[PDB]
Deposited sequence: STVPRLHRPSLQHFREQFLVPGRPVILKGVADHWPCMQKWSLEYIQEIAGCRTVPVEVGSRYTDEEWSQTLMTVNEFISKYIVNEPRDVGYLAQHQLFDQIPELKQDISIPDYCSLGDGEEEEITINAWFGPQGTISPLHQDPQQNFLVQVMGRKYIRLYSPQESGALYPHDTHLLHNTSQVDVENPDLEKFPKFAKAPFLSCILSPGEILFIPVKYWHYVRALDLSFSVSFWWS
């Protein structure tokens, strides 16, 4: 079934029906008027950030590596010029690096329902072409994933389903599923087929609440820019 969409729910409604129980929801009417929604084109990003160095993941989390290049180089090589490989400006605190871009976003008011300090909220950029794919994984904090450019297909599995997701057994990867969500090996991972899940296509202006430790899988359907807020 699908992730519910709610227009600007009250803090109490979000707290009681989603945050405390740990249920995903898409928040509408919250980020849809942030300046990033109209301002962030490739041209604007090049103007404000083009000369800055960013980490770039090449390949798939299959070979995989991490390199460094300017935002201009990343756009030229992995977005516009028939890219030879998938490259992803992933999980980077771009707004600490470039404060002028921080003016174009806000911290969702709902974060103030957490027990942590606003100063400790981690804001990550996720800027990449169509076709970037995460592994199915879980994170140790709450998350508001804000979609700015393009759309993402997202699949969500409750932590109650962890047994059917076959986490890696190394300590380093125990938060990551061994399963390819969209083409699972059911001969090796048979419990995966009957694990229930939620899914959605997250579109610009929408915020997906990913509860702490909820398993999530993310595939970009277009040229995409998302901003995640990791909070507690």
Non-modelled portions of the deposited polymer sequence, in sequence order
62-64
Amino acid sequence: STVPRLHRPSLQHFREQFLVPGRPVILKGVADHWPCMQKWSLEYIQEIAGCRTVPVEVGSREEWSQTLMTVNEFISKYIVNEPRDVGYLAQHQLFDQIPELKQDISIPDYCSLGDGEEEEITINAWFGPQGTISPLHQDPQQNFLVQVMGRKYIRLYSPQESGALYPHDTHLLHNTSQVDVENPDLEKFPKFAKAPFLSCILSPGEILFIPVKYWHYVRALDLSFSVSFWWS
From here on, numbers count along this sequence of modelled residues.
Residue 60 dropped from a third or more of the other entries of this protein
yes
Comparing mean C-alpha B factor in the record for 120-128 and 99-107, the higher one is 99-107
Between the two ranges 165-173 and 191-199, the one averaging a larger CA B factor in the entry
165-173
Selection by C-alpha B-factor (highest) of 91, 147, 160, 143:
160
Highest Cα B-factor in the PDB entry belongs to which of 136, 71, 154, 79?
79
Based on the deposited C-alpha B factors for this chain, I'd like to know if residue 209 is in the lowest, middle or highest third.
lowest
How does the C-alpha B factor of residue 11 compare with the rest of the chain: lowest, middle or highest third?
highest
Should residue 26 be placed in the lowest, middle or highest third of its chain by the C-alpha B factor in the entry?
lowest
Quick check on the deposited entry: does the C-alpha B-factor of residue 36 sit in the lowest, middle or highest third of its chain?
middle
For residue 42, does the deposited CA B-factor place it in the lowest, middle or highest third of the chain?
highest
